Structures are given as C-alpha cells and as structure tokens.
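Worksheet: the structure to be examined is printed underneath.
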Amino acid sequence: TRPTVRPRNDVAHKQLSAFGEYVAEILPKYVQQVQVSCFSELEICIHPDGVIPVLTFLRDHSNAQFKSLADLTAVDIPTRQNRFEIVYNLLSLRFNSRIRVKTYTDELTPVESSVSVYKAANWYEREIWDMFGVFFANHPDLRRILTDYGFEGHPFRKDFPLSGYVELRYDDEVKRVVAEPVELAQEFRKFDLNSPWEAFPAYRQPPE
Amino acid sequence: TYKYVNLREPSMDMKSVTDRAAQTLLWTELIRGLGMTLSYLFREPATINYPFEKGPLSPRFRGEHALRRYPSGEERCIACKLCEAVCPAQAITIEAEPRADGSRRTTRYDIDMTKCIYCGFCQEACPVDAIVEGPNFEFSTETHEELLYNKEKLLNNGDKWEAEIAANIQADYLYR
Amino acid sequence: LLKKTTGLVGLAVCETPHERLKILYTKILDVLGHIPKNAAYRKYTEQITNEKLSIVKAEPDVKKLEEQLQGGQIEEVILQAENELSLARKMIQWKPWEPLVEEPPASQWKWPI
Amino acid sequence: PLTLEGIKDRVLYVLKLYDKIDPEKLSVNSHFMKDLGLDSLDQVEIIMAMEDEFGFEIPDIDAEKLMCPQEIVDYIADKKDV
Amino acid sequence: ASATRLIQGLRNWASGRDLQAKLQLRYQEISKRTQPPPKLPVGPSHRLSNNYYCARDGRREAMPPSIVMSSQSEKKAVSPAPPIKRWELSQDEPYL
Amino acid sequence: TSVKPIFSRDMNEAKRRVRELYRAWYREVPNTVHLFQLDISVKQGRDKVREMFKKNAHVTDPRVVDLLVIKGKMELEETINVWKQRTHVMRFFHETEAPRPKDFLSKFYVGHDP
Ligand code: SF4
Ligand code: SF4
C-alpha cells in the first residue's frame, strides 16, 4: 500500500487522541463526544450551552492556545431534530495544530455568539444567519451579508431549491428591476447518480 | 528559513545623513523612477497587431465546440450522453433514437454556449472523440440565441474546422 | 541585554520578565486555589504553572528562559500567563467541572445519516 | 392641555379624523375592540395619532390599557397637571 | 533586440541595468511550436502479477473516526502537538 | 417541551415587541415614500405594512414571533439606512406580476395547478 495510498500519520493520531481526552476531562460539563478521524483531525462535539466556555478555553489555555478561528460553518442535516450543525475550525499556531468544535441547534434555539472569543466570527456567524437562519444571541450587528436586500428564505438550508423562488428582470413599464416567480426555460436536470451497491463496508450501518 | 523585510537601522554618521538629505532635497529616487519610465520609453513595445497578428495558442486550447466525424463521413457521436452527464454547467442536451439503419445516433445535441464553462470535460468524457472543443475563439454574436448551438450547428463547426481539429488532436492525443 | 523589539507588532518589550512571570504565575495559582481539587482544570493548570514557575526560578537568563519555556518570546509568555489568569477567573464562574448538562439526541453525532 | 374639556374635544377630533371609526357611534366611553370593532393595530395607530396631536410619547405598558376615549383623556390628564 | 546601440546604451543607462541580457520580449530562445511526440510512462500499478486491487485499495482503508470519548491519577497534561520550533533566520539573505 | 427563549418568555412580551415594530414601521412609511420617491401613497404603504403584519397573525409560538420581529427589524434597518434601492421597497407591491386565477374555473382554464 505504498505508492497510491495516503500514508497514515499515527503520531498525530495519538497526540490528538491524548489532547481530546484532555479537553473531555477538563470540560465534562459540555463535551459530548470526542473523535479523531483516520486522517488525524480532532473533533470536539459539545453541547450548545458551552460555546463560550469551550472556545474561551481553547483560545486561552496554555496547553491549547488556539488563537486563530480558521472557519465557522453550519451544516443543514434535515433528518436531525437539531438540523443545524455549527462547526468551529480552530488553529493553534503555538502547537501547530487544528481542532474542530461542533455543536447543534434547530430553527428556533439561538446559539450564543462567539464574537467575545473570536472577532473573526463577526461575519461568519452573520453569514450563518443569512444562509441558514441560525440566530446568534448578543451579536453586535446581526443582519444579512450575502443575499439581496428583500430576500426571503435561508438558501443553504437543504429544503431551499437550487434556483430560488423569485428571479429578477428589468421591466420598462415601471422603469425598474422587478422580482417575479422563477420560470426556467430549461429545468435543472436532476441526476440520480448513486450506485445501488455498497461502496465502503467499513461504514456499514447496523440495520433495523 | 525566514527573513526580515524592513528591519534596517539607517546609519547616523554625517555621510549617511547628508546622503539622505540630498535624497530629500534633490529628489534622487524620483529621478530614478523617471529614469526607469524613460527606459521603457525607448523599448520596443509588446503590442501585437491584432487582427493581423495573433496571440500564440497551444493545441490544447479550448474554444468553440464541434461534433466530429470518422474518415468516412459517419458522425462519431453514438449518443451515449457521457458528455452531458459530466457537464458541470449542464450545457449539453441530448436526445437519441435508433435511426433508419438501426444505428445509435442523436436527434438532439444542443450546447448552450452561454451556460458552457469551456472546461472541456465533455471532450475528455467522450469515448469516441465526437465532441471536441476546437480552436475557434472568435465567434462573438450579436444575439443571445445565436449562442444556442444545436446539432446542425455543431456538425457544421466540425465540418468547418476539422482540418485543424484533427491536427490538434494529432499533436495532443499522446498526452491524453 | 535589553532586547530592542519583540518582532510582534504591539507586543511591548518587558524590562523585568522574571518578576512579571513570578507575579503572574503565583497569581494564577492563587486564583486556581479557589477551584475544587478534583477538577481537571485545576490539576492540569497547577501542574503546568508549577513547571513554568520552577523553570523561571531556575534560570536567571532571559534568552535561555525563552529557549526552555519554549513559548516563543518572553513577552508572549507573559501574554499567555495573562490569558491563563483571565481564563481561570472565568472558569471559576462557569464551573465546567460539573457533569454534562444534557445528553444529545440519539442520532445527533451519527455520520453518515 | 390647560383644561380637561379641551383635551376631550381634541381626543374626539383625533378619533373622528381616524376613518375606520364610525363618527356616529364614536362616544367618550365607547370601546375600541368590542364596540367600535377594531383590530389591535388600529388601536396602536390611534395611540400614535394621539402622540402626534398631544406632543408626548406613550409607552407600551400604558397604551395596551387604553381601551376607550375616557381612558385616553385620563392618561393625557395624568401625564400633565389639569 | 533590434534596437540601435545608441538607444540601447541610453536605455541601459536610464534603467541602470544591462537590459539586453534579460529581455522581456521573446525570440528564438523559446521552444518549438511543433514538438516530437511523447512516450509517457505508466504508474506503478501497471503490472501483470502481484497487482490485486485489494492490496492497494486506498478508499477501503479509510475508517470511521475513532470515538475517543463519548457520552453514550497524576497523569501528564498534554498539548495537541509538541510546541512549534522557533524559525531560524535565513543564511541566504536575512536583510541583517 | 422546555425550550430556550430568544427574547420573549411568553406571548405578551412577544406582542409588545410586535407592537413596537409596527409603531416603527408606521412612523417610517412617510419617510420611505419620500426619500425613495415612490409612486404610492403613504396610506397605501401603511396598508402594505398592515397586510404584512396580518399575514403572520396566526402564530402562537413566542420564538417564531421573536424571529419575525427580528427579521422585521432587519428589514426596517435596511429601509431607514438607505441600503435597499427603490426596487426592494417596491417588491412588496407585486405590480408587474399578473393576478393569478383564484377560483376553480379559471385555474381549470389556464392549466393544471390546484
Ligand atoms: S466545455 Fe464543460 S461546460 Fe462546456 S459543454 Fe463541455 S463539459 Fe459542458
Ligand atoms: S458527444 Fe461523445 S460523450 Fe457525448 S453523447 Fe456523443 S459519443 Fe457520448
């Protein structure tokens, strides 16, 4: 398995497992799961009441010093009753490491804003408001950032269609760009691509 | 493994101070910048005489689309719809049926050239080298629907540019 | 030797780094004594803070102290001491050594779905 | 603002400018919801017209209770001297 | 390249650099537009024996993430990695 | 059924917030008609505000009306601070859109939509 297979990094796996145990036992009030991927990425899956205490820990603790917020992300997964999965990618420049801090919310429960921990989040979770509808409590200026000004709907929710519900055109009667319900001259062609055969037996879920 | 841009302490002896003051009062670096601009003034410019002189292209160039033929006149496209499956912008629209000699051929091969991203995934998905993205880049139209090519237009682009397309494929097929 | 700059913008050079680190480490330990003993934050932070404080008390030099504290410049070691102090003062209020406040739903971290 | 009668006449004038209230059934003790047949937002814009006329701001906790013109003239009386 | 040596000398004086040694316009030093045909090599899996796909299957060695902690003594405090080594100043050109 | 609130502990605080948002929109309509130099009246714009408030008037959840007040405050901030153009204000008035068939018989005549 030398030439075409990715080489496995066992040292980083052991070190991130040790630090995941470390964070899970320093903060048992909020840490729900700790996992390390096969390509050596640590994920701390927490309760959403511990957004500020965990992120303040990793930013300020002398064994963590995750001073940089690389990226802040939501994921819509509609089969969960807490469908939105808020993802904090963090970078420690002191220990040259990356961690992932994951939590959850539904449409109505607010997540506490992490602008007091990382100012970088000021736009990111603002975008999570615009793209997913996750409200962030105590954000300084929470509003839309990417959509049009009269835009109804949170587009990166997976029940939002690819083309939207409206489309613009100029109308010369009213001398104005107007919004109408979207009619495509060619419909987007949905391709059902998934093979009916199991691809990865290591990921087989136990049946009902 | 790192270096410090701009961490120089200027020398404070009277020689260097008077050098910096002659720079300040006599505008020496401004004359240096005028000298470099004057130096490009007397260079031959890089300007080619378009449309009589053309920008250099490679045989890999991805321009206008063309449906090709065999060296018998039979069209290469056997309607397999791999190009429209791989097409990242869904520009390719294909409908097919068996024609009068029972051959698997298309009745619709449309490419919306205003959806097309010109990435050439269709010509590398194509198993029989039917669709290619040829060398024409000068095909600007005056109307939007003139950039909505059907099978007739694409077969005519193949018949138009085939003498060039075949030689470009002859140059680059051993890299593919 | 009086280092001219730290190289980091806005991180000013400390005239007496050893005394400032002793003050900050004993202040971290004084704040950290108000945490319950079985809490892992207290045990781990006492461990690393006593290690750093013994390294500071064992080395009179500033350069060698930087190369064996292994946290970069001495002023960002001071900055990390201030950050750990602020953190421990917040960890008293948060009380995160408590049990888990709520279990997740049953398939909340199941991937793929 | 000097006397209660002028405040009452001016309250009734602001209420009869309001087009949804029938000016015959408009009285001093008429109720907005069940007698005049009004939505709550109708009562809210009535209170905003009272703020337009009388030159002061009425908060929310003491505009929800203003359900008749007599309560309006009493509230305007209580935030002034009369 | 066709500049007269008077203009070439004025140009090199004004720029302060020997510009003819490094011209920004291209001439016969570039590659031919017609090349010989390549013979590209094959990778390591182009073999007729001892080349089972299960012995080089990268996608099927990926595992689900190992759950280190789940909610269903004097052990050393750890960090996510060792502390980063201090960068060394360049021997090439430190500007120092 | 114990959920974390957004702003309102119950529906009465929620109705207070709905009411203050309606007051702010009602005050804003003449300024919006003026500085966007619209072709509507102030009364017609206040009718559109009342229509958009009555559109959501069936909600009984405090968190949903808290998000409705939050989104109304956001649209109000986009209107006061002139971030919307004239077109975004006039998108509430679906004017170039032809009126849809409402009864059964005309929807039968035009096509297949129920
Ligand atoms: S070049 Fe790309 S976008 Fe264009 S038709 Fe081919 S596959 Fe589609
Ligand atoms: S052009 Fe090629 S890929 Fe596309 S349908 Fe025809 S044969 Fe298949």
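Numbering starts fresh at 1 for the residues of each chain in the structure tokens, the chains themselves are lettered A, B, ... in the order given, and ligands are numbered from 1 as they appear.
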
What are the closest atom pairs, with distances in Å to one decimal, for all residues of chain B lying within 8 Å of ligand 2? Consider only C-alpha atoms and all ligand atoms, order rows by chain and residue number, and present the result as CSV.
```
residue,atom,partner,partner_atom_place_in_ligand_line,distance
B:67,CA,ligand 2,1 (S),6.8
B:76,CA,ligand 2,7 (S),6.4
B:77,CA,ligand 2,6 (Fe),3.7
B:78,CA,ligand 2,7 (S),4.5
B:79,CA,ligand 2,5 (S),3.9
B:80,CA,ligand 2,8 (Fe),3.8
B:81,CA,ligand 2,5 (S),3.7
B:82,CA,ligand 2,3 (S),4.2
B:83,CA,ligand 2,3 (S),4.1
B:84,CA,ligand 2,4 (Fe),6.4
B:94,CA,ligand 2,5 (S),6.9
B:106,CA,ligand 2,6 (Fe),7.6
B:109,CA,ligand 2,5 (S),8.0
B:122,CA,ligand 2,3 (S),6.3
B:123,CA,ligand 2,2 (Fe),7.2
B:125,CA,ligand 2,3 (S),5.7
B:126,CA,ligand 2,3 (S),3.6
B:127,CA,ligand 2,2 (Fe),5.9
B:128,CA,ligand 2,7 (S),5.8
B:129,CA,ligand 2,2 (Fe),6.3
B:130,CA,ligand 2,1 (S),4.7
B:131,CA,ligand 2,1 (S),4.3
B:132,CA,ligand 2,1 (S),8.0
```

Next item on the list: For residue F:68, work out the shell of residues within 10 Å, counting only C-alpha atoms and skipping chain neighbours fewer than 6 positions away, then give it as a PyMOL selection string.
Entry: chain F and resi 14+17-18+21+53+56+59+62+74

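Near chain B, within 12 Å and using only C-alpha atoms, the residues of chain A are residues 185, 186, 187, 188, 189, 190, 191, 192 and 193 of chain A.
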
Output file for the selection above: C-alpha atoms, as a short mmCIF file (atom, residue, chain, number, x, y, z; two decimals), in the first residue's frame:
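And here is the file that came out, again10.cif:
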```cif
data_model
loop_
_atom_site.label_atom_id
_atom_site.label_comp_id
_atom_site.auth_asym_id
_atom_site.auth_seq_id
_atom_site.Cartn_x
_atom_site.Cartn_y
_atom_site.Cartn_z
CA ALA A 185 -36.56 27.98 -19.85
CA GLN A 186 -34.66 24.77 -19.20
CA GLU A 187 -35.30 22.96 -15.94
CA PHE A 188 -32.29 21.85 -13.95
CA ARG A 189 -31.96 18.16 -14.75
CA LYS A 190 -31.78 16.14 -11.56
CA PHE A 191 -29.43 13.19 -12.00
CA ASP A 192 -29.90 10.14 -9.77
CA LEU A 193 -26.29 9.01 -9.69
#
```

Note to self: At a cut-off of 7 Å around ligand 1, and using only C-alpha atoms and all ligand atoms, what residues come up? Please write them as a PyMOL selection string.
What the structure shows: chain B and resi 83-84+86-92+111+115-123+133

Note to self: Please list as a ChimeraX atom specification every residue within 12 Å of residue E:17, counting only C-alpha atoms and excluding residues in the same chain fewer than 4 positions away.
What the structure shows: /B:32,35-36,39-40 /E:8-13,21-23

Please write the residues from the selection above to a file, keeping C-alpha atoms, as a CSV table (one decimal), in the first residue's frame.
```csv
chain,number,residue,atom,x,y,z
B,32,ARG,CA,15.5,57.1,-10.5
B,35,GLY,CA,14.8,57.0,-15.4
B,36,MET,CA,13.1,53.7,-15.3
B,39,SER,CA,14.0,53.4,-20.0
B,40,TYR,CA,10.7,51.7,-21.1
E,8,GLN,CA,20.4,50.5,-26.3
E,9,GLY,CA,23.1,52.5,-24.3
E,10,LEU,CA,20.6,55.3,-23.4
E,11,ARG,CA,18.1,52.6,-22.3
E,12,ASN,CA,20.7,50.7,-20.2
E,13,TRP,CA,21.9,54.0,-18.6
E,21,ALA,CA,20.9,40.2,-21.1
E,22,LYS,CA,17.3,39.8,-19.8
E,23,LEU,CA,14.8,40.9,-22.4
```
